[PDB]
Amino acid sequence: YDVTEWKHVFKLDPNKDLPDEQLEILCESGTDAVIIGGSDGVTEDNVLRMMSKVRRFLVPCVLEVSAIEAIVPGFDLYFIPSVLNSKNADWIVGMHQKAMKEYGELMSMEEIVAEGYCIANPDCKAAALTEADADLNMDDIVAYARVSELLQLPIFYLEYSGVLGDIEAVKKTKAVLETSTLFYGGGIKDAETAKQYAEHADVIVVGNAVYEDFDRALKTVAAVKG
């Protein structure tokens, strides 16, 4: 696996229900990965059930860890978020230490990847939970980008949740990021918007839209790889 060659990804939420016909269609759309997310309140049994539903298809299935209890074996990849702009140590390192203290063994039998998370949308569920200073200036965002690239993180995930983020903030971030792979998530609900950001981000993430209007989020893939 190599994220430096991805262009598009779907982020599903084990918390919501998706008709299996649609789950099947996404896995076989041409996307580069299907990431199982879950901002919060995620249950182990929903992750497990999803993992078994997507394991058959060839696309790499990724687990985005957000709760120790939700760790489940069987995924091709494991992404460990590290919220860089959190005012709380638990979301940067703390929760990460409790996890290694508890599953340090199983955390050697998988390909794990650290993501430098930058939550730039101040009004979403994610920014409230992590006590993130999510209201940032272009120069704040770019500095976090820098940090991530200093700490050397395979990924810098610029996160804007349910809203489209500033295309300029994305263009610059990309400019400082020499080694990290920039992921952009936030408001991409169609081919038009997918194209705009894909031009600046290495990878664009499409989640919510999948639930809102499936038919049209499906076009984000062809829109950036067609």
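In this text, rigid core is short for the largest set of C-alphas that superpose within 1.5 Å between two forms. The first residue of the shown sequence is 1; numbering continues from there.
K.L.:
Compare 30-38 with 48-56 and report which one shows the larger root mean square C-alpha deviation from this form in 4 other deposited structures of this protein once the rigid core is superposed.
P.N.:
Once the core is superposed, the stretch further away in 4 other deposited structures of this protein is 30-38.
K.L.:
Taking the root mean square of C-alpha distances over all structures and residues in 4 other deposited structures of this protein, with a rigid core superposition, name the larger of 70-78 and 90-98.
P.N.:
With the rigid core fitted, 90-98 is the stretch that strays more in 4 other deposited structures of this protein.
K.L.:
On average, which has the higher Cα B-factor in the deposited entry, 25-33 or 191-199?
P.N.:
Result: 191-199.
K.L.:
Looking at the entry, does 70-78 or 94-102 show the higher mean C-alpha B-factor?
P.N.:
Mean CA B-factor is higher for 94-102.
K.L.:
By the CA temperature factor listed in this entry, which of these ranks top: 141, 132, 114, 89?
P.N.:
Answer for 141, 132, 114, 89: 132, with the highest C-alpha B-factor.
K.L.:
Just grab whichever of 107, 155, 119, 147 has the top CA B-factor as deposited.
P.N.:
The listed residue with the largest C-alpha B-factor is 107.
K.L.:
Among the chain's modelled residues, which third holds the C-alpha B-factor of residue 216?
P.N.:
Residue 216: CA B-factor falls in the middle third of its chain.
K.L.:
Grab the CA temperature factor for residue 207 from the record and place it in the lowest, middle or highest third of its chain.
P.N.:
Bottom third by C-alpha B-factor.
K.L.:
Quick check on the deposited entry: does the C-alpha B-factor of residue 46 sit in the lowest, middle or highest third of its chain?
P.N.:
CA B-factor rank for residue 46: lowest third.
K.L.:
Lowest, middle or highest third: where is residue 167 by Cα B-factor in its chain?
P.N.:
Highest third, going by the recorded CA B-factors of the chain.
K.L.:
Please say which third, lowest, middle or highest, residue 62 falls into when its CA temperature factor is compared across its chain.
P.N.:
Answer is lowest: the recorded C-alpha B-factor places it there.
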